[PDB]
Structure formats: C-alpha cells, structure tokens
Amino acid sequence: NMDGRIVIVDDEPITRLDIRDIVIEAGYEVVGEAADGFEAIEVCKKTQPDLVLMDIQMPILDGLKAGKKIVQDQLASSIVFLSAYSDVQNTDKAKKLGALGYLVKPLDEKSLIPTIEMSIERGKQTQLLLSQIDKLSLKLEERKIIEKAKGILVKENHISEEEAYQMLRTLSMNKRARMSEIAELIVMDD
C-alpha cells in the first residue's frame, strides 16, 4: 500500500500509538519512535527515515531544535510537525528550519496520509536538488582554481598553458591528490 519509512516523535505515548496505528494501516513502515528531541535525533541518525512526525513541544529538548539538527545533518528526508501550538512565532521557526508540513492537534486524520505523501516526495526532490548543486559547484570551482593555477604557472615558469596543465596533471597523478588541491597550493596567498 503506501510506501515510506516513518519515525514518530511525541512525548504522550498514547498519541504515538494512535499515529502508529494510522500509518501502519496505510502500510507505511514505522522504523522508530521517540519521546524527546535527543531520542529523535538518535533514532533518525540510525534509521535515516523518509519522514519524521514531530510535536514542536517536548520535555528536555523541544521539537524545533531537534528538527533543526535533523535537517542540518540530513538525518531524515522530511519533517512534518504535529502540535497543539500554531502561533506565528512557532510556525516561523518550523518553516525556516525546513519542515514540509505542520498540522495542528487534535489531528485531522484524513489529512495526515496525504500530507505524508506530499512531504516524502518533496523532501526527496529537495535532497536531489541539493546534491546537484553540490556537484555543479564543485566542478565549477575546480575549473576556476585550475585556470588560475595555470595562469600562475605560465607566468612563473614561462611555459605554455598546455604545459602548465600537464604539470598540474602529472603532479596530481604522482602525488595522488586532486588537481584542485595541487592548484590551491599553487594559488595560495596570490
């Protein structure tokens, strides 16, 4: 039926069991549970879920701080908040840390399953886009630093740009360091 790996985070045990029953009847896999933010971070690090269902308010460590950590280290693909609190200050924190949904307790159960589906898909889309950005940024910066190092090597040695690139390559091969690290060493403080 519905596919996804879910972690449930709430300090009230019966509320966790009610949510658990709902998502298991939908066919999601509940890969872990937690009662405070420290447990939430721990469980998400181990399980690496598609989604965290979390109350913003919990003992010891609140859900917003736990969520900030979970997004920051990408321990789950998406976070959806479930809380009795819905003031603008709490929702501004939840949206700025990165949450994909926020339903207010008592839960409208019919909305929960659609919200989970949307949040899982959007979270994995976002992870893909951030990976694209990382790769593209790396390739562009490596081209830039290699170009700058080539210019420096030409000016210092009086070689051609082709010979400078072959210097960077042969150094990279023989050392077993990337040409961008070689180039950074050539460029430093210039």
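Residue numbers run from 1 along the displayed sequence.
Tell me which stretch has the larger mean Cα B-factor in this entry, 87-95 or 106-114.
Comparing 87-95 with 106-114, the higher mean C-alpha B-factor belongs to 106-114.
Do the CA atoms of 32-40 or those of 131-139 have the higher mean B-factor in the entry?
Between 131-139 and 32-40, it is 131-139 that shows the higher mean C-alpha B-factor.
Would you mind ranking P49 by its C-alpha B-factor against the rest of the chain and naming the third, lowest, middle or highest?
As the PDB entry reports it, the C-alpha B-factor of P49 lands in the lowest third of its chain.
Looking at the C-alpha B-factor of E156, is it in the lowest, middle or highest third of its chain?
As the PDB entry reports it, the C-alpha B-factor of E156 lands in the highest third of its chain.
In terms of the CA temperature factor given in the entry, to which third of its chain does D55 belong: lowest, middle or highest?
It belongs to the middle third of the chain when residues are ordered by C-alpha B-factor.
Going by the entry, which third of its chain does the Cα temperature factor of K150 land in?
For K150, whose C-alpha B-factor we compare with every modelled residue in the chain, the answer is the middle third.
Within this chain's modelled residues, let me know which third the CA B factor of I8 belongs to: lowest, middle or highest.
It belongs to the lowest third of the chain when residues are ordered by C-alpha B-factor.
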